[PDB]
Every structure is written in structure tokens, then in C-alpha cells.
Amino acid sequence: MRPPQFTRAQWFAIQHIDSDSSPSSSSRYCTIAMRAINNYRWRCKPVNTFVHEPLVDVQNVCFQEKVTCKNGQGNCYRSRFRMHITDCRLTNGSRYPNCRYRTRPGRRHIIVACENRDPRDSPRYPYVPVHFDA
């Protein structure tokens, strides 16, 4: 479950946005970057994608191409441009708290579900991404 102390938009950013990414080209990037996520979980997260772009550019996807969400509801949006991403996949020997990941950089269009900010989210960003849809 999402940790209740974080809004939907906050938890999306924690798990999926890394705008300060100079060690992402390292093979250890995922093992390092997943720690902060797994600290709020009871088992190593098996798979996780980070988007390596400035926050504003990820948020701006919410104003790009509207596409149907996998669940058929809400509002999802596909980035006009491909974005830098890193896919992180848990290794088979991993067992919490020792979570080791394979790091797989790439570039893809991202699809995000977006919605109005929570009251606890900054009012500077009225409409924000809350999930990946692909």
C-alpha cells in the first residue's frame, strides 16, 4: 500500500522521478536508488521504473497526448517525446532487507495518470502525475 504519510503524487515522485541523476549510468544505480522506496515496504519491490528528467518536464506530460488508461478511467497522457528512463529489476537472490537490482537504462514514451493535487501537495502544481500506466 502507499504509505499514508505520502500523497499519491508524492509517492509517485519518490518512486518514479529522479531529476538529479548523474550516477544513473552506474550499474549500481538501482540498488542505491531503491533503498528509500524499500524502507517503506516489507519486501523488496520486484520492479520499478525511474524517469530521469526535470520534475517540470515529467509533470508537463499531464498536458500532452490524452490516451485511454489501462483501467479505462481517469485521465492518462503519453509524452510527446521519449524520455530517459531506468528500469530496475530485483535479482532472484534478494530477500529483504538485502535488495539488489539490475539496472537497465532506456528511452521510451511514458504514459502517466494525472489528477488534481491533494490538499497536502504544493499549490504550485495543480494537476500532477500519480501512476505510470505503462
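Numbering starts at 1 and runs along the sequence shown.
A summary of the deposited B-factors shows that, of 25-33 and 54-62, the stretch with the larger mean C-alpha value is 25-33. The stretch with the higher mean CA B factor, choosing between 85-93 and 72-80, is 72-80. For residue 40, the recorded CA B-factor ranks within the middle third of the chain. Only modelled residues enter the ranking. Per the deposited record, the Cα B-factor of residue 118 falls in the lowest third when ranked against the other modelled residues of its chain.
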